[PDB]
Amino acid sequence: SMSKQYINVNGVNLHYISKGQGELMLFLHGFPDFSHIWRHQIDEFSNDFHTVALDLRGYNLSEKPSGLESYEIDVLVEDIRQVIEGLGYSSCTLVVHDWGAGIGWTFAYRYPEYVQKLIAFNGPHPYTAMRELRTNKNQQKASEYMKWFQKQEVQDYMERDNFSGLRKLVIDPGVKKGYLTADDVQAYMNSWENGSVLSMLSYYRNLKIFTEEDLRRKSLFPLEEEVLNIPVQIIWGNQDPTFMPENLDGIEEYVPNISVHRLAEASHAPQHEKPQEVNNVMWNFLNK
């Protein structure tokens, strides 16, 4: 029942996984993954939703436009908007992780009419993310790798030696912990062969979180609204190196109507680390 194909939106062709029929469940991955990370969710909800897992511009088989400007939050947000539309929908249930959550969160605040329900995994909340980057010394040690992703020299660390950098970041842990199969691993290797690490990096080269005058602002990306009122669910890997727990502190002020599930065991990418647990929390949330 699973299809893979393209969609023209916003001046690009995005590759996307598709399965099932009905109301739209849209999954947004992040760095350095792709549509595949959502495999377990697609298998699970596709008899109740039309599950669509998208390859963010630059990633895997999606077009890879040139210039930092092609990877501005405004652009990416519009990408998402055009996708719900062009898939035949005026709204969806939006499931987000990492960079996809940065985009997703922003989209949701900006277009609450387009999101019936938001499910968010480890990744930046527009408001708290900024707060912890100011107050949380642990979050700054944690986010230090971002200062680093700005340098040209970085991409070679990642691609060099058959993607040594990326394999040890993502493949090694998951193979030894048991959540990556040998086919999952071929899947990833191909995605990095087929996508561009340059464009992957370009997402960060637009981040305005570096100058002291950059850190002053309230929201990670610009936002008129400071409250999101749709039903939201956080599913959170408590042991994630890149995001400190304080990120979820006082979050209800910015999302009244939120539910939060913390996996003390799981790390950055709960969705494929502990699929059955993540899946049951999702079910429960979807029916509340």
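All residue numbers are counted from 1 along the displayed sequence.
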* Structure fact -> Higher of the two mean Cα B-factors (248 to 256, 231 to 239; per PDB record) comes from 248 to 256
* To do: Going by the average Cα B-factor in the PDB entry, point out whether 211 to 219 or 176 to 184 comes out higher.
  => 211 to 219
* Asked: Which one, 122, 202, 190, 162, has the peak C-alpha temperature factor per the PDB entry?
  -> 162
* In the PDB entry, which of 105, 157, 99, 111 has its C-alpha at the highest B-factor? -> 157
* Asked: Hey, what third does residue 62 fall into on Cα B-factor, ranked over its chain?
  -> middle
* Asked: Among the modelled residues of its chain, does the C-alpha B-factor of residue 7 lie in the lowest, middle or highest third?
  -> middle
* Give the position of residue 43 by CA B-factor within its chain, expressed as the lowest, middle or highest third. => middle
* To do: Going by the recorded CA B-factors, say which third of the chain residue 82 sits in, lowest, middle or highest.
  => middle
* residue 267 - Cα temperature factor, lowest/middle/highest third of chain -> middle
